[PDB]
S.K.: 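One structure is given below, represented as structure tokens, and several questions about it will come after.
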Amino acid sequence: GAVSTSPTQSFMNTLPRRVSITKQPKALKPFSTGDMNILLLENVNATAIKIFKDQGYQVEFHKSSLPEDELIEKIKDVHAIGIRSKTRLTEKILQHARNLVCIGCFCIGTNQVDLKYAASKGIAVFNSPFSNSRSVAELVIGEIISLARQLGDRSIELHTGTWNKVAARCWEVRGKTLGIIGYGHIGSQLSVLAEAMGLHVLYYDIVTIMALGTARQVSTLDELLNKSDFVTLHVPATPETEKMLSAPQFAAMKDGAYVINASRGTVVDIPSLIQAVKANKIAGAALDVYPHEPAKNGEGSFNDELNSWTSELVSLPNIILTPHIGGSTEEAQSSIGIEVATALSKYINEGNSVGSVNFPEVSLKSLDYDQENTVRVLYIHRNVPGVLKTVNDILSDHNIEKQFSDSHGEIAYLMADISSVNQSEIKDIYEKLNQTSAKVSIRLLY
Amino acid sequence: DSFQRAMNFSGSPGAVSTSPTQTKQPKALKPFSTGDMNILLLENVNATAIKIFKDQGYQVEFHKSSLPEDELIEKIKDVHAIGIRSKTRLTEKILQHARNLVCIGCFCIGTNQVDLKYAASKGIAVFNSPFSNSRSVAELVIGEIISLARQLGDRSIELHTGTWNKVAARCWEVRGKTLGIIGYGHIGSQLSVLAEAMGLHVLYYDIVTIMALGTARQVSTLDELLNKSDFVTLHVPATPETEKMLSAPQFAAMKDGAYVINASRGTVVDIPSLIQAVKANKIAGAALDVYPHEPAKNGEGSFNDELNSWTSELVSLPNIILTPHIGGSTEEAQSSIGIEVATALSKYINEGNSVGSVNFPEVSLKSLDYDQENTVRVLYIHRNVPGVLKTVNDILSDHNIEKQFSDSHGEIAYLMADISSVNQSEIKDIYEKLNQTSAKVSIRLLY
Amino acid sequence: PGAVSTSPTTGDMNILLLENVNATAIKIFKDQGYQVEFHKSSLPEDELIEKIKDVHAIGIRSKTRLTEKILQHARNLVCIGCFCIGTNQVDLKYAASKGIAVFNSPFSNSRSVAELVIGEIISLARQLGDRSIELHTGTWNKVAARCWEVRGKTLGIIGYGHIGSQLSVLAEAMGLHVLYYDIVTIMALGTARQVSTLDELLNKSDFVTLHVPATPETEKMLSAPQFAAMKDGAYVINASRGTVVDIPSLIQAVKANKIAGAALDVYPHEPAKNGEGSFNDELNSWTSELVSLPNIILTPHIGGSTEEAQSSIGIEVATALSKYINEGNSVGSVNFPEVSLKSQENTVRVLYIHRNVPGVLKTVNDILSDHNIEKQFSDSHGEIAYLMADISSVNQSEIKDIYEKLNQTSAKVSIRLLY
Amino acid sequence: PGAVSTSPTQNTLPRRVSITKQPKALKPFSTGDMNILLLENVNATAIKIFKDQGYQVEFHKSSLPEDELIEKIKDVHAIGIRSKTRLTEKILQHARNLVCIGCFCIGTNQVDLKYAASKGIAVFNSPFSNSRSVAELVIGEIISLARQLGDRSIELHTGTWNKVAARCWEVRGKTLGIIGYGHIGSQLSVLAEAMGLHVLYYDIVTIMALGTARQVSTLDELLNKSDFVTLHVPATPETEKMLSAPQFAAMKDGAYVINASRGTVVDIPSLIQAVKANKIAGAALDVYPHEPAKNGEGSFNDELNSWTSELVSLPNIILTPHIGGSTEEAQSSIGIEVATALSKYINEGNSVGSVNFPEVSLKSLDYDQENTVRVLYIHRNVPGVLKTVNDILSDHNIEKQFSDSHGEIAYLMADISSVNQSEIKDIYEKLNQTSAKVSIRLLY
Ligand SMILES: NC(=O)c1ccc[n+]([C@@H]2O[C@H](COP(=O)([O-])OP(=O)(O)OC[C@H]3O[C@@H](n4cnc5c(N)ncnc54)[C@H](O)[C@@H]3O)[C@@H](O)[C@H]2O)c1
Ligand SMILES: NC(=O)c1ccc[n+]([C@@H]2O[C@H](COP(=O)([O-])OP(=O)(O)OC[C@H]3O[C@@H](n4cnc5c(N)ncnc54)[C@H](O)[C@@H]3O)[C@@H](O)[C@H]2O)c1
Ligand SMILES: NC(=O)c1ccc[n+]([C@@H]2O[C@H](COP(=O)([O-])OP(=O)(O)OC[C@H]3O[C@@H](n4cnc5c(N)ncnc54)[C@H](O)[C@@H]3O)[C@@H](O)[C@H]2O)c1
Ligand SMILES: NC(=O)c1ccc[n+]([C@@H]2O[C@H](COP(=O)([O-])OP(=O)(O)OC[C@H]3O[C@@H](n4cnc5c(N)ncnc54)[C@H](O)[C@@H]3O)[C@@H](O)[C@H]2O)c1
Ligand SMILES: O=C(O)CC[C@@H](O)C(=O)O
């Protein structure tokens, strides 16, 4: 009835990637310490080895994990350690790590590390949560097509001599609808690929999320299950996602629809999927993840003793099974290398703990090249009253340009930039802070 | 002199200048011959075709496979149109018995299963569907690119037999990789756009200069494409030049750990040389939809050393995807073929329209309006000799001819004429006169 | 879809060009080797008569009247090019009666009009015209009130034809939502939506624009009741036809602050020529009223007045006349049957224009019966018909014989043989 | 002869709603109600955001005489202005309660930023809210100039019918040269491509193109190859008169010039001369070297800019009075940006995006952090102040703390737990009598 102001809101005025004309960051070196020793285990990617050697750190590399007694001896001298999933950094092991500044988990998982014990010794732990997104999104595009045309079945037939040309119930993916459960890093990336392959994209999330492209958020999962040809899961493991696709969800789906799970091994009830496929309700499925997975690669590893429905699952048509290869590419392993090595490096060189999984997240803008006589104090301490009183007293002869402290449990982390400090005064500040009683670990960068 | 004002002509001062630019209802018609229309459909044509024919009111007989030769002969005696696919062989042996047949539908690309020349000689028009499977093949390839990049087939076969084998080594994200398309035709150009959207660089080789879609680039030699591509895929016709165009020297021109995809034609790759390139770790994987020798029917021991001798060798190799000519085996493709060919046969029967025919002159005329009473359409198939239009236009000379179109194709020609103000007495007279001209091959009148 | 299911899917030829047709046309004709005479305006009737007695093709635009009085003297004329949409300046029936084919350019101005509208949308949304007129007379008047970003607003297109569908894609790219009303079901481009009633479009649109023909149904189709159906402070654009809007009712809707602005390219009465006192109360009585209103953009029928449009007309019509002369192709002709044939030695093409009566193909195909006819196409248009036949193995002696025989048939209107 | 190998690897989320813990809402100590004063007809979106916080809001459509402004500002905690209200030291000296200033506009020169910072007063503005509005204006002027729309309409409004297709063009296929590929330039780029123009841009920085725009290394390459040239640059000494006689000579015959950036960036006498010589076919100007302070009837004339009578007598010139950002949507977005900024500064102490202040903020306290106070301590960047402050707070655990400096001023923000109402008053009075203190608030 009246022309009127459109819904416009200022955060939608964006700017493309450009080159700053910044001032050179001052490079900072620790007090009293010599060479940084990095130990990398479990065949971390060469991108990581390179980033560390270019800093001038000494790097020791291993393709697998170490026996516990060998790991103990090596870890005594080491300043940073990179691991993946199979190295268990327990208190038994970390108690001997007198020099360790940080731990890199070159992977998503961090449970192999006793995070709380580590924090208690002032050891920051970093990981790579989102480095595998593109690899999983592409896997799914490939499985959509592969399921749509029963590729796996065709190839297995031909490899054993059966020629079975079938158009019945095989589809062009253009025009079909993809239902994405969880519009996160993977879900939103998959959305754009799926639209490019000519699918209509619906998504269900527990949060209101701005769509990419022409994807549509649906308010209930049953709308998504009702209207989707392909349903795919990109959710975390929570109690709410635990078995969130079970018999009633498969009944809500279309006859001859398809199910894809490269999220978490718990999110699908497999006995109910097996039964939905056997009833010809579900036309095919692709699983990358299972309730129980072997610890190592091997030849009889995937069987009825690991998951009891294995012999049933294997005997079904149009089932694609993969052994957790969602993120298993050279590009992903290489990006993890860069993300985590860069993270450890910024923590060592600048004290930046943003993205740490067990630590307060603290950082400060870099000092300029030309800020002569400025020191950065990195003070990890016990989260009790009276500690900033102590510290800011010790530093009170010098102007503090800026300072940031934050806490995480029983631990806290102060970072302060102080100006006009000569080398005599630096040694004095170090020894004073080193004999405070709240101190867990201290480092000064100059 | 006037050659400076000619190099500063196709160059310019600098001037703003013009950019480089660039209802009535159809009357439905029925033949003069009594007894309707029998359609025979073989080899499991799609339901879209069955529906189009029944809605015309034709009597339709449907079969899911082909017939023995003796059964096919007896059925074809009464039939007015026959739909087939690749495995029904309409030889002269069979078509000699087809006294009523007006047209043949090939619900597929190939027409070699039909003796097209014998058919044309009897005034039988043949129709097919060349370009209906394009999207289906392009999507197959996108899926095999990813599947090969990630060794999906190998992973699944392992797990189905109980082997857990997680591998990132030489498994890749296809974003950033380069796709080399050999043959930038209907399928190649479609695949190009998909591949860019999946974040591949696309190069293509063709024997002709073709305008790129998107930001694909044409390379002048195949070896440049083989040198620069991570994935190589073939979308070419079967010519003597494409016969074994990827052999040992082309695999040596390719990258270490590159990939080969062939959903074009069974002859275009030399398989013993591919087997050898894979065994030497030169080629990291391959997907084949088509083979030199393919079984005639689906079956359990059909794909073996007796059909192609290197079968047992090929199957024992890692990261090999084998499919049984399923490039165009989708519901959407089979359904579009259904509609294209059944619409074509239907317009040929109801209106005489032979456009898109593979063995016939291509002739058609605008539909007559609903309300054009007393108008007949003459469909006269004859021998392409002088003096035939003289004869025909004489026979019709008492009636105004609203329009007429004749065209020739070899020894056969096809006249189509719309004549107004014709009563039923005069119609029978025209029919019997045209039916006893000596140039006549077959005649039909629609009113 | 409650189950996964299938998805949807030659230097003898004299050309005379009048009224300043575009150079693209002059070039196409000279590259054929035709002799070309060009004029920037039209000719007096007596001069036109003398020139036309030898002309084989004539190009005109809107102001040259090819009456029977003039065409009766055109002994050589094969065809007429209208380098424009309109053809009423030509007596089409008399022309057809002499075997003269007439061609025009209906759809060459589509992009030019669609861009004009995108510009007027923005200009009206921000009162640009008013701002500039103010400043040109010294008034500084910065105004944000009721001025809008077009992003998010809705465009209502009446008539989703060549112009409407082109405008649709532009408007979406500028971030408008597009609704359209047409009297026919038309598949949308992009994410435009067809609305089943005009009143729904008027109710839901911020900008309303007209791209319809002049029919009795479009005659004054936007009047007082349609402006009442529109939003307060909505906008009206008419670059279709001068009759389609009731202007006194638009004036009244603007005066009542119902309509916030309007752009008109077309009027009920327009001057014949450019001039200084041409647009006034004697031409349309509401002129002084219309002019005194805020946020009204007035243009003098410039919707298709670009270099690119004039240039495309040049190419379309000159190519058409050229294919008619060189190949007999009459497809796109406005007053003639539409006939053409796919374009070695010893083949002739017979072009026989004749009276549409029985017995004529009998006569003609008799005359040609010593020679094989490879193909042949005849069609009719009223009292006239047009045969085109390709005959093989013909030497120049036999060609002259066929010509003289066809030239003395009684149904004949005009004949030409191409070899 | 090649080897397949790792691609060159370079993950966001789309905007989403948080399902965190409910933010604890915080109220200042010694203060009662927050009074907001809004001048110069700020948009209703701002009035609404402030009343929903429960602030008392006084609104005016214009600016105030200096003596009235002085009296009102004595009580006021936040003031919103636009370009014409001059907040000098003369006026701000009497601002005993003022916590912050909103500039509901891009410009902040009307405010004495340094004096303000010296009294602990944070100033906020809206730099980039007008981008889309300017980009659309330009698309409209491109078309309007290409078709001489303005000239046609002026003619008809006076009774002249003048149909012209000569040197009138479809913009499809033409080239747009964007000088300054910033917020406006990059937005315009995408629009222009959609209207079928080829886009070149010149910038002093390497900027990744949107779409199929192409960065050119020199300005004269852009001037040489463009049909339409448009300016979206800041006022620097390098942009001062950056289009003058030599740049117009580098441009195409019958090309077009658009300036909705800054009033100084084009040399107008040289543009007038290029148009008169038929070098430049048309121009649109939104901005001038001298502009009137207010709307009025004889404001734009030879006394303001001497070439006015010359400029106005030329064909195909579009003149607008600084309306690049004058839309409902732009004014409304400014409303939201600045009112939200002032509100977060008042309610949470967040000074990020401040133009004259250290940029400090802390994650919100949870609903269930009972007995926590937030200390907002604006002081002098001199040694020994954190010693004093962290001493005063040393009976309480500090959960977190962030101090940063900007010249002679610094700003500490500290979250302290387990504080009852007795102890809160004690901390306030101690911090209020520290010698480094400029201003202090506590939120609890
Ligand atoms: N298969 C593999 O090898 C592999 C590799 C990488 C990641 N992953 C897994 O994939 C999943 C997604 O990774 P990501 O980075 O995209 O996650 P993300 O955290 O970026 O996003 C997950 C999404 O799930 C949504 N969500 C949470 N609970 C939900 C619920 N109950 N219903 C619906 N939506 C819900 C969240 O709102 C969010 O949008 C995780 O489980 C991750 O560990 C697996
Ligand atoms: N696998 C299947 O089920 C299936 C399905 C459909 C089509 N096909 C086949 O795919 C192929 C492509 O079909 P299309 O529709 O895209 O064909 P098309 O005719 O449109 O394109 C083929 C292209 O190959 C080019 N070409 C020919 N010889 C070449 C050579 N020696 N080197 C490089 N380029 C060459 C041609 O110039 C042309 O541009 C054909 O063999 C067709 O039969 C297979
Ligand atoms: N101003 C100019 O200089 C200029 C230039 C070119 C064309 N035009 C005119 O613009 C108009 C549109 O031209 P076009 O090329 O798009 O024509 P078109 O014939 O392609 O489009 C007309 C459309 O309007 C629809 N329509 C007809 N009557 C209708 C009605 N009563 N209500 C709603 N829809 C109706 C038709 O079905 C069709 O889709 C015509 O009048 C044409 O002559 C003007
Ligand atoms: N007319 C109005 O009402 C109005 C409205 C909004 C903005 N503006 C003005 O428009 C301009 C653009 O605003 P914005 O938000 O895009 O600015 P921005 O700061 O995002 O972009 C300016 C761009 O200019 C580039 N640059 C700087 N100096 C340059 C030079 N000498 N030559 C070329 N490029 C140069 C910068 O690198 C940057 O990319 C500013 O002057 C702004 O004040 C005017
Ligand atoms: O081209 C002309 O002569 C102007 C009028 C023209 O628009 C027409 O009648 O189509």
Side-chain angles (χ1 to χ4, degrees), chain A residues 13 15 18, chain B residues 109-110 130-131 133-134 136-137 140 182-190 205-208 210 222 234-239 241-242 245 263-265 268 289-290 323 325-329 333, chain C residues 85 106-110 112-113 116 158-166 181-184 186 198 210-215 217-218 221 239-241 244 265-266 299 301-305 309, chain D residues 106 127-131 133-134 137 179-187 202-205 207 219 231-236 238-239 242 260-262 265 286-287 322-326 330:
Chain A
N13 311 302
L15 202 46
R18 65 210 299 130
Chain B
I109 304 172
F131 300 130
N133 300 336
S134 300
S136 287
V137 172
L140 177 65
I182 303 171
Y184 207 76
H186 281 97
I187 294 168
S189 57
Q190 265 191 85
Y205 173 70
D206 202 296
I207 61 170
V208 151
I210 304 171
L222 169 71
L234 290 151
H235 308 294
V236 296
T239 75
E241 295 75 65
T242 75
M245 65 178 305
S264 63
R265 296 300 199 117
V268 163
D289 193 49
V290 290
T323 49
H325 213 129
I326 55 66
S329 299
Chain C
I85 300 172
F107 302 130
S108 47
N109 300 339
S110 303
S112 286
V113 172
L116 177 65
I158 303 169
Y160 206 77
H162 276 106
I163 297 171
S165 57
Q166 266 193 265
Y181 176 98
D182 203 298
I183 61 169
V184 155
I186 303 171
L198 172 151
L210 289 152
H211 302 293
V212 297
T215 75
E217 296 73 68
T218 76
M221 66 178 304
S240 63
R241 295 299 193 114
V244 162
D265 195 47
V266 289
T299 50
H301 206 140
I302 54 66
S305 296
Chain D
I106 299 173
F128 304 130
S129 262
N130 300 335
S131 303
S133 286
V134 174
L137 176 66
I179 302 170
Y181 206 77
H183 282 99
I184 297 172
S186 56
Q187 267 190 268
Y202 173 71
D203 202 299
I204 60 168
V205 155
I207 302 171
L219 173 67
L231 288 151
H232 303 298
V233 295
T236 76
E238 294 80 41
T239 76
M242 64 177 308
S261 63
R262 299 297 197 121
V265 164
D286 195 48
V287 291
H322 212 145
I323 54 66
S326 297

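The sequence lines fix the lettering, A, B, ..., with proteins before strands; numbering per chain opens at 1. Any value given below was found using the heavy atoms of this structure, including those in side chains, with hydrogens, waters and symmetry copies removed. Ligands are counted one by one from 1 in listed order, and the atoms in each one are counted from 1 as well.
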S.K.: How close does the nearest protein non-hydrogen atom get to atom 24 (O) of ligand 4, and which residue and atom is it?
M.R.: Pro234(D) CD, 3.4 Å
S.K.: Less than 3.5 Å between some nitrogen or oxygen of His186(B) and one of ligand 2, yes or no?
M.R.: yes
S.K.: For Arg262(D) versus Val233(D), what's the shortest heavy-atom pair and its separation?
M.R.: CG-O, 3.8 Å
S.K.: Looking only at atom types and distance, does a side-chain atom of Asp206(B) sit under 3.5 Å from a main-chain N or O of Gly183(B), one as donor and one as acceptor?
M.R.: no
S.K.: I need the minimum non-hydrogen distance between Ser133(D) and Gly325(D), along with the two atoms involved.
M.R.: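 In terms of heavy atoms, the two residues are closest at CB-CA, 4.1 Å.
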S.K.: Please identify which atoms of ligand 3 are closer than 4.0 Å to at least one heavy atom of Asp265(C).
M.R.: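 In order of number, 1 (N), 2 (C), 3 (O).
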S.K.: Do any nitrogen or oxygen atoms of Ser261(D) lie less than 3.5 angstrom from nitrogen or oxygen atoms of ligand 4?
M.R.: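 N/O-N/O distance below 3.5 Å does not exist for this pair.
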S.K.: Roughly how far, to the nearest 0.5 Å, is CD of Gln187(D) from NE2 of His232(D)?
M.R.: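 Answer for the NE2-CD pair, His232(D) versus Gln187(D), is 11.0 Å.
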S.K.: I need the minimum non-hydrogen distance between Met242(D) and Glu238(D), along with the two atoms involved.
M.R.: CB-O, 3.7 Å
S.K.: Out of all atoms in ligand 3, which are within 4.0 Å of some heavy atom of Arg241(C)? Include the element for each.
M.R.: 41 (O), 43 (O)
S.K.: So, 4.0 Å and heavy atoms of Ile186(C): is ligand 3 close enough to count as a contact?
M.R.: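 Yes; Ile186(C) lies near enough to ligand 3 that a heavy-atom distance drops under 4.0 Å.
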S.K.: Would you indicate which of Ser110(C), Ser108(C), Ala239(C) comes nearest to atom 44 (C) of ligand 3 when only heavy atoms are counted?
M.R.: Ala239(C)
S.K.: What do we get for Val233(D) next to ligand 4 when only non-hydrogen atoms under 4.0 Å count, side chain, backbone, both or neither?
M.R.: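 Contact part for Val233(D) vs ligand 4: both backbone and side chain.
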S.K.: Against heavy atoms of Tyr181(C), which atoms of ligand 3 measure under 4.0 Å?
M.R.: 32 (N), 33 (C)
S.K.: Using protein heavy atoms only, decide if any is under 4.0 Å from atom 34 (N) of ligand 3.
M.R.: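 For atom 34 (N) of ligand 3 the answer is yes, since some protein heavy atom falls inside 4.0 Å.
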S.K.: Considering non-hydrogen atoms only, spot the tightest contact between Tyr181(D) and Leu15(A) and give its length.
M.R.: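 Smallest interatomic distance, heavy atoms only, reads O-CD1, 4.4 Å.
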S.K.: Using heavy-atom distances, let me know which of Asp203(D), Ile204(D), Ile184(D), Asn130(D) sits nearest atom 8 (N) of ligand 4.
M.R.: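 Checking each option, the heavy atom nearest atom 8 (N) of ligand 4 is found in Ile184(D).
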S.K.: Drop me the distance from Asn130(D)'s CG to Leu137(D)'s CG, to the nearest 0.5 angstrom.
M.R.: 11.5 Å
S.K.: Please identify which atoms of ligand 3 are closer than 4.0 Å to at least one heavy atom of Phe107(C).
M.R.: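 Numbered from 1, ligand 3 contributes 15 (O).
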S.K.: Could you say whether the N/O atoms of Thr218(C) and ligand 3 ever approach to under 3.5 Å?
M.R.: no
S.K.: So which of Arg18(A), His322(D), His232(D) gets nearest to atom 22 (C) of ligand 4, if we judge by its closest heavy atom?
M.R.: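 Result: the heavy atom closest to atom 22 (C) of ligand 4 is in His232(D).
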S.K.: Between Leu234(B) and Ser264(B), what is the shortest heavy-atom contact and its length?
M.R.: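 Where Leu234(B) meets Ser264(B) most closely, the heavy atoms are O-CB, 3.2 Å.
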S.K.: Quick one: does atom 19 (O) of ligand 4 have a protein heavy atom under 4.0 Å from it?
M.R.: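 No, there is no protein heavy atom closer to it than 4.0 Å.
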S.K.: Could you list which atoms of ligand 2 come closer than 4.0 Å to a heavy atom of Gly183(B)?
M.R.: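 Contacts of ligand 2 toward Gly183(B), numbered from 1: 24 (O), 34 (N).
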S.K.: Any donor and acceptor pair, going by atom type alone, linking the side chain of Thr242(B) with main-chain N or O of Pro237(B) inside 3.5 Å?
M.R.: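 Yes, the answer is positive, given that a donor and an acceptor are paired below the 3.5 Å cut-off.
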S.K.: Is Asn13(A) reaching over with its side chain to a backbone N or O of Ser131(D), donor-acceptor style, under 3.5 angstrom?
M.R.: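 Absent.
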S.K.: Considering the heavy atoms of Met242(D), write down every atom of ligand 4 situated less than 4.0 Å from one of them.
M.R.: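 Near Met242(D), meaning under 4.0 Å from one of its heavy atoms, ligand 4 has 32 (N).
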S.K.: Among all the protein's non-hydrogen atoms, which is closest to atom 21 (O) of ligand 4, and how far away is it?
M.R.: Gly182(D) CA, 3.4 Å
S.K.: Does ligand 3 have any atom that is closer than 4.0 Å to a heavy atom of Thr215(C)?
M.R.: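 No, that is not the case, since the closest heavy atom of the residue is not under 4.0 Å from the ligand.
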S.K.: Within the 4.0 Å heavy-atom shell around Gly328(B), which atoms of ligand 2 are there?
M.R.: 3 (O)
S.K.: Which heavy atom of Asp286(D) sits nearest a heavy atom of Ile323(D), and at what distance?
M.R.: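 Between these two residues, the closest heavy atoms are OD1-N, 2.8 Å.
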S.K.: Mark up the atoms of ligand 3 that fall under 4.0 Å of a heavy atom belonging to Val113(C), in ascending order.
M.R.: 4 (C), 5 (C), 6 (C)
S.K.: Nearest 0.5 Å, please: how far is CD1 in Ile158(C) from CG in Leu198(C)?
M.R.: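 CD1 of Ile158(C) is found 5.0 Å from CG of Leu198(C).
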